[PDB]
Amino acid sequence: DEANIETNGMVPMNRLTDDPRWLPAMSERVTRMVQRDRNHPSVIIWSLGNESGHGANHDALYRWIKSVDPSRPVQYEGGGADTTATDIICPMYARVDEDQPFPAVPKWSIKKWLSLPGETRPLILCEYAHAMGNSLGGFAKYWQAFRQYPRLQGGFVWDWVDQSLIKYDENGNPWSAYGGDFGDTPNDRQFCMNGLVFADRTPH
Amino acid sequence: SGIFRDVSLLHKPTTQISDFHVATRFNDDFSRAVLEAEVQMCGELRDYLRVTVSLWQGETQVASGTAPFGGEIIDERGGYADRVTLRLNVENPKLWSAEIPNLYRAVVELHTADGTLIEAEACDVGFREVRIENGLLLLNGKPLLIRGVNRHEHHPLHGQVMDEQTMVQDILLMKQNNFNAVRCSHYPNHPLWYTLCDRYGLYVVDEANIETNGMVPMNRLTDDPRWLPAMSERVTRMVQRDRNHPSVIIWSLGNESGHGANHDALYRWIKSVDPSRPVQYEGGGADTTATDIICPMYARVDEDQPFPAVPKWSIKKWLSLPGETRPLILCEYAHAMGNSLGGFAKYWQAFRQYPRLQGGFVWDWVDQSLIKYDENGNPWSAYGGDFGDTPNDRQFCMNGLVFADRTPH
Ligand SMILES: CC(C)S[C@@H]1O[C@H](CO)[C@H](O)[C@H](O)[C@H]1O
Ligand SMILES: CC(C)S[C@@H]1O[C@H](CO)[C@H](O)[C@H](O)[C@H]1O
Ligand SMILES: CC(C)S[C@@H]1O[C@H](CO)[C@H](O)[C@H](O)[C@H]1O
Ligand SMILES: CC(C)S[C@@H]1O[C@H](CO)[C@H](O)[C@H](O)[C@H]1O
Ligand SMILES: [Mg+2]
Ligand code: NA
Ligand code: NA
Ligand code: NA
Ligand code: NA
Ligand code: NA
Ligand code: NA
């Protein structure tokens, strides 16, 4: 269960989340979600949000949940996926064998990540296997790694269903549309479609 | 068998230096150190005796200290009236490493207060710290990448007798081929070996002469207290002899003798007597309580070999097993028997990518073939069985990177 907090577009990504002036609004997005959903057995982990860098606010909120509901681990990928705000190493798109040593927020090979000096947590990717169009190449490589390594505990594929929207043609026939198709601009064109299934649930 | 090491006669005064131990500790960034030399004597104690320990960098004496015997208070009964510890400060010491084997000379003099020498002992001193921190083996604070090899003491004509020339030849070839470390498989070596390592610069794993491979199960003797005494002397006498060599950076409890309680006891003894060097031991699955380093033999890079009780996990996988935090350095890998070393690069690529994979010791340096002569006196290399020995293990004695005469494979 994930809080409704995403500040992907700020520069740097944690501009708002490291700002105490934004702590109050953030705080409610986390607290009110916990108050609402805490009794559902299906919810096994709480998440602080998504792509909002790593700021102090995340740290305060992580601690709040640990206090109020010790029954579920808290995870958060921002700022490098292994910050002090997460109980689980939960990278997005880290590869199996190949390291991607980006500065500040490297995405190490998942096998290598587990064993960096002092690292002890389990690794579960918050997103992997971007199923955009004709994709899923290399899916097997992950599964093999997950089965071999106790601490590699799986992941969440990105994602379930294409976010395409129906439009109608001149003769009123329906067709699947993506970004830019509504005159919207700027837009990110087909990036909205990354699912294992078509919008109508027919599988890819 | 036989008397295969040197024989000598040593004359000592009745009042003599019976032991001395040298240690070097440092500040955080190694720009300061303190050398501590504990000296013990035998013979009659006299208030006029003194010990002076002086440290030299080449021709220059950089530090010196003198004191009468009488160590500090140890317990309710007092201290050692027969020992003394001198402490010398050293600013910006030149550090020892296999890259730059800088050495100083420590001279221990037993003499009278008025200046008359009774006797002098001495050793080469390498200022270096060995420690494992945060899961990594550090030397002078930097993480090592062990380019090692296991080396037996073997000569094709002379058997197990070692000579200076052969040892230097081996060292030069090792360095020339990019090795920086050597494991004493699987016994203390001829004394000169250490001197050469100290001076030419190689990291050394000094290993107790204990291997009970053929027992069933392997730890049958090592888990038996009745064998604790004998094993104990193979460990303790090694430390007492070699503890002052800076090239020795890790002590080893022996090899292929399973994991038994005697090993835990001896692991602890070393930890207690010489905290300056990690202790490793592979028996019993390579990650027991008697080892500071996960030190498997022949574990593969990616492939697991889940043998019961003593699995050999893929090294990459091993490091991250739940709760595992130690560095991993294979005590033996890349078995070079015959036309071999296939897959070598695979290990190097892993070592470079994983911080806690800190290398390994190839098995092994030199083919243990022996020379035989045909009817015309022409020599040929022989292996197991060629002397009428039986049973025997045939060519398994030949696993080196180099042929017995030092020609490379
Ligand atoms: C993109 C590569 C250089 S990453 C490279 O792949 C290898 C396979 O060839 C190994 O498995 C290594 O772990 C990995 O670093
Ligand atoms: C395209 C990258 C620069 S951002 C990348 O975009 C994806 C688009 O489907 C997802 O939204 C990922 O979560 C996001 O990290
Ligand atoms: C080689 C020494 C100067 S290190 C010196 O030791 C001190 C204790 O004697 C303290 O630990 C200092 O912090 C340390 O730098
Ligand atoms: C042959 C194996 C069952 S034991 C194997 O034999 C090798 C022969 O070179 C080495 O002696 C290894 O240390 C030993 O484990
Ligand atoms: Mg000489
Ligand atoms: Na797993
Ligand atoms: Na666009
Ligand atoms: Na998308
Ligand atoms: Na490494
Ligand atoms: Na045989
Ligand atoms: Na052999």
Side-chain angles (χ1 to χ4, degrees), chain B residues 132 148 150-153 183-189 205-242 248 250-274 277-300 304-315 317-319 321-333 335 360-361 363-364 391-393 396-397 399:
Chain B
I132 296 177
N150 277 281
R151 173 187 171 272
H152 263 283
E153 286 179 330
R183 172 164 171 241
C184 291
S185 47
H186 299 286
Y187 37 74
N189 275 209
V205 173
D206 203 4
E207 189 162 282
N209 185 18
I210 303 168
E211 164 156 0
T212 67
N213 208 162
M215 293 309 291
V216 181
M218 214 187 308
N219 75 347
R220 181 172 298 262
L221 306 182
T222 62
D223 204 26
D224 185 344
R226 313 203 87 212
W227 285 77
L228 181 55
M231 288 179 53
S232 83
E233 299 196 350
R234 282 160 189 263
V235 164
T236 69
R237 303 172 67 252
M238 162 186 71
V239 173
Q240 285 181 312
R241 187 188 77 165
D242 293 346
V248 176
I250 289 164
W251 293 119
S252 172
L253 297 186
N255 185 60
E256 291 178 318
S257 302
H259 171 225
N262 297 347
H263 290 116
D264 293 321
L266 300 178
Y267 166 84
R268 199 62 225 157
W269 184 91
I270 298 182
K271 301 296 286 187
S272 127
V273 164
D274 175 28
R277 293 173 176 95
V279 180
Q280 78 169 49
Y281 175 64
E282 174 279 342
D287 59 0
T288 66
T289 49
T291 189
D292 287 338
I293 296 169
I294 297 168
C295 53
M297 45 176 75
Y298 322 104
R300 298 181 178 192
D304 283 338
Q305 310 172 65
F307 307 115
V310 287
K312 285 190 197 310
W313 308 112
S314 146
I315 61 181
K317 169 165 160 171
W318 205 331
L319 291 174
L321 295 180
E324 187 53 67
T325 58
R326 283 178 287 192
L328 190 163
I329 303 173
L330 291 119
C331 64
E332 294 175 31
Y333 77 110
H335 192 257
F361 296 86
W363 185 272
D364 73 346
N392 67 74
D393 280 314
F396 270 99
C397 53
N399 321 137

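Sequence lines set the chain letters: A, B, ... in the order given, protein chains first and strands last, and positions in each chain run from 1.
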Please output the side-chain donor-acceptor pairs of residues 283-295 of chain B that fall under 3.5 Å, not counting sequence neighbours, one pair per line with the distance.
from: B:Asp287; atom 1: OD2; to: B:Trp318; atom 2: NE1; distance (Å): 3.0
from: B:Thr288; atom 1: OG1; to: B:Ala290; atom 2: N; distance (Å): 3.1
from: B:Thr289; atom 1: OG1; to: B:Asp264; atom 2: OD1; distance (Å): 2.9
from: B:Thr291; atom 1: OG1; to: B:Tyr281; atom 2: N; distance (Å): 3.1
from: B:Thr291; atom 1: OG1; to: B:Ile293; atom 2: N; distance (Å): 3.4
from: B:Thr291; atom 1: OG1; to: B:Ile293; atom 2: O; distance (Å): 2.7
from: B:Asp292; atom 1: OD1; to: B:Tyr267; atom 2: OH; distance (Å): 2.4
from: B:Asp292; atom 1: OD2; to: B:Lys271; atom 2: NZ; distance (Å): 2.7
from: B:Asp292; atom 1: OD2; to: B:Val279; atom 2: N; distance (Å): 3.0

Within the 4.5 Å heavy-atom criterion, are [X] and [Y] side-chain neighbours or not?
| X | Y | answer |
| --- | --- | --- |
| B:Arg277 | B:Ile250 | no |
| B:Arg300 | B:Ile315 | no |
| B:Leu330 | B:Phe361 | no |
| B:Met297 | B:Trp363 | no |
| B:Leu253 | B:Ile270 | yes |

Quiz prompt | Stepwise salt bridge (charged side-chain N to carboxylate O under 4.0 Å, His left out) check, B:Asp364 with B:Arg151 | solution = CA-CA 6 Å; B:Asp364 73 346; B:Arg151 173 187 171 272; over 6 Å; no
Taking all atoms of both residues into account, what is the closest heavy-atom pair of [X] and [Y], and its distance?
| X | Y | value |
| --- | --- | --- |
| B:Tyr187 | B:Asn189 | O-ND2, 3.2 Å |
| B:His186 | B:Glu332 | CE1-OE2, 3.3 Å |
| B:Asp206 | B:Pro188 | OD1-CA, 3.9 Å |
| B:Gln280 | B:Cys331 | NE2-CB, 3.8 Å |

Using 0.5 Å steps for rounding, measure from the [atom1] atom of [X] to the [atom2] atom of [Y].
| X | Y | atom1 | atom2 | answer |
| --- | --- | --- | --- | --- |
| B:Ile132 | B:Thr325 | CD1 | OG1 | 9.5 Å |
| B:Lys312 | B:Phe307 | NZ | CZ | 6.0 Å |
| B:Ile210 | B:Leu266 | CD1 | CG | 6.5 Å |
| B:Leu228 | B:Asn262 | CG | CG | 4.5 Å |

Exercise. Determine yes or no for a side-chain-to-main-chain donor-acceptor pair under 3.5 angstrom, with B:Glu324 supplying the side chain and B:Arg326 the backbone.
Key: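 Between the backbone of B:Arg326 and the side chain of B:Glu324 there is a qualifying donor-acceptor contact (under 3.5 Å).
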Quiz prompt | Whether B:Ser252 side chain and B:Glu207 backbone form a donor-acceptor pair below 3.5 Å | solution = no
Quiz item: Would the number of heavy atoms belonging to other residues, nucleotides or ligands and lying under 6.0 Å from CZ of B:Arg241 be above 12?
Solution: yes
Quiz prompt | Check: B:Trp269 ring centre within less than 6.0 Å of B:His263 ring centre | solution = no
Quiz item: Could you give all pairs that pass the side chain to side chain donor-acceptor pair (under 3.5 Å) test and reach residues 213-227 of chain B, with sequence neighbours left out?
Solution: none
Quiz item: Between B:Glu211 and B:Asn255, does a side-chain hydrogen bond (donor to acceptor under 3.5 Å, both in side chains) hold up when you go through it step by step?
Solution: CA-CA 5 Å; B:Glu211 164 156 0; B:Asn255 185 60; 2.7 Å; yes
